[PDB]
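Inspection log for the structure reproduced underneath, given as structure tokens.
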């Protein structure tokens, strides 16, 4: 079978980003030894090791949706993957408010329309507790 | 009292203005600085502990989002009056088949 590839964006500190960029544009396999990525079983924490120097990482959710688009002639572009996550290196904490481009900053707060009426999972847990019970008493309340 | 060119031109100009504001804001390379009832829900739960006990838990939900989803199920389950029903249907099919086999025996 075929499994859709999973692309994400890696953001590094600027000096380490310059060393990683120089090693990528060089093209040797020396970069392979220099750059490693260890993702912790939390799922939202990691180490990126640049030149064997550990950096602390967080996998965050991006507010917009990006899409990688490949081309052969630079006139027709084929969508290859959807990017929604970034492993910035240096829950509410795992949500990034800004977008990658310069015009998109504070997009989640300002350029996103918010419509409102985790919570569903809590309601399911409450229903399960009511089922495991015997007698349930309920009242919409006031200030108390 | 225009009902024709006025509405059409007004819509057209608002369209050009929005198109031109969006183009400018998006292509900007300027850096942007980082920046009804008022009623809660309370539930009382009765359970039996190991050995013999009958403790009762009173839990208050102050999240109006949890409230809405919670209540909507009860109101639905209150009007909803199933694995047990499926078992009953299998016990009906079992009886019908036996009756059919009795009918076959009567015919033969």
Residues in region A:68-101 that are surrounded by 12 or more Cβ atoms within 10 Å (Cβ to Cβ) and either more than 14 Å from chain B (Cβ to nearest Cβ) or not in a loop (DSSP other than H, G, I, E, B) (or both) total 13
Those residues of region A:107-124 that are surrounded by 14 or more Cβ atoms within 10 Å (Cβ to Cβ), more than 7 Å from every other protein chain (Cβ to nearest Cβ) and closer than 26 Å to residue B:42 by Cα come to a total of 0
Right, residue A:63: touching a helix residue (DSSP H, G or I) at 6+ places or on another chain (Cβ under 6 Å), part of a strand (DSSP E or B) and more than 10 Å from chain B (Cβ to nearest Cβ) or not? yes
Residues (touching a strand residue (DSSP E or B) at 6+ places or on another chain (Cβ under 9 Å) and within 7 Å of another protein chain (Cβ to nearest Cβ)) located in region A:133-144: A:133, A:134, A:135, A:136, A:137, A:138, A:139, A:140, A:141
Exactly one of A:104, A:62, A:127, A:55 is surrounded by 12 or more Cβ atoms within 10 Å (Cβ to Cβ) and under 30 Å from residue B:45 (Cα atoms), and that residue is A:127
From B:58, B:15, residue being within 14 Å of another protein chain (Cβ to nearest Cβ) and either over 30 Å from residue A:104 (Cβ atoms) or over 24 Å from the mean Cα position of the chain (by Cα) (or both): B:58
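Would you check if residue B:45 is within 29 Å of residue A:133 (Cα to Cα), in contact with a strand residue (DSSP E or B) (Cβ under 9 Å, 6 or more places away or on another chain), within 7 Å of chain A (Cβ to nearest Cβ) and assigned to a loop (DSSP other than H, G, I, E, B)?
No, not satisfied.
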Can you tell me which of A:114, A:109, A:121 is farther than 30 Å from residue A:48 by Cβ and in a helix (DSSP H, G or I)? A:121
Restricting to region B:76-106, count the residues that are within 14 Å of another protein chain (Cβ to nearest Cβ) and surrounded by 10 or more Cβ atoms within 10 Å (Cβ to Cβ). 1
Within the group B:66, B:31, B:25, which residue is part of a helix (DSSP H, G or I), more than 21 Å from residue A:117 (Cβ to Cβ) and within 8 Å of chain A (Cβ to nearest Cβ)? B:25
Just give me the residues in region A:124-141 being closer than 21 Å to residue B:69 by Cβ and in a loop (DSSP other than H, G, I, E, B), in sequence order. A:133, A:141
Looking at this structure, is residue B:41 under 30 Å from residue A:100 (Cα atoms) and surrounded by 11 or more Cβ atoms within 10 Å (Cβ to Cβ)? no
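All of the numbers you see were taken from the coordinates with simple rules; none came from a lab. Methodologically, a virtual Cβ is constructed for each residue, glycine included, from the backbone with ideal geometry; neighbour enumeration extends over all protein chains shown.
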